[PDB]
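As structure tokens, the structure follows; a few thoughts come after it.
2 protein chains.
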Amino acid sequence: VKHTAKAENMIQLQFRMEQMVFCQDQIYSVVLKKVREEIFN
Amino acid sequence: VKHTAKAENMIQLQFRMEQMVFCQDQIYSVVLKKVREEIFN
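Residue numbers (the UniProt record's numbering), protein chains in the order written: chain A, 558 to 598; chain B, 558 to 598.
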């Protein structure tokens with residue numbers, strides 16, 4: 558039970574960090590795919 | 558002097574308008590200009 562309640566709480570905690578939407582300084586990798594896949598190619 | 562005075566106010570005024578940025582559907586072809594100089598050219 559104890560370990561179960563911890564995993565469950567950890568999962569919700571981890572989705573609360575993704576919603577605040579940190580726009581990272583390495584998105585570039587996938588920025589680049591805009592001007593490759595979607596326009597030039 | 559009448560028409561010097563008239564001319565200058567209008568020339569001042571037009572620059573008063575430009576501060577207020579806008580442009581409707583003309584801006585489309587100058588994005589294509591971006592498209593040509595950033596990618597293909």
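Idealized CB from N, CA, C, for every residue including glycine.
| query | result |
| --- | --- |
| What's the gap between the Cα of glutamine 571 of chain A and the Cα of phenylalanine 579 of chain B? | 43 Å |
| Under a three-way DSSP split, which group does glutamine 576 of chain A fall into? | helix |
| Among residues of its own chain, excluding the 5 on either side of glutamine 583 of chain B, which ones have a beta-carbon nearer than 7 Å to its beta-carbon? | none |
| Can you give me the C-alpha to C-alpha distance between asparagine 598 of chain B and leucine 589 of chain B, rounded to a whole angstrom? | 12 Å |
| Do you know offhand how far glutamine 581 of chain A's Cα is from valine 587 of chain A's? | 11 Å |
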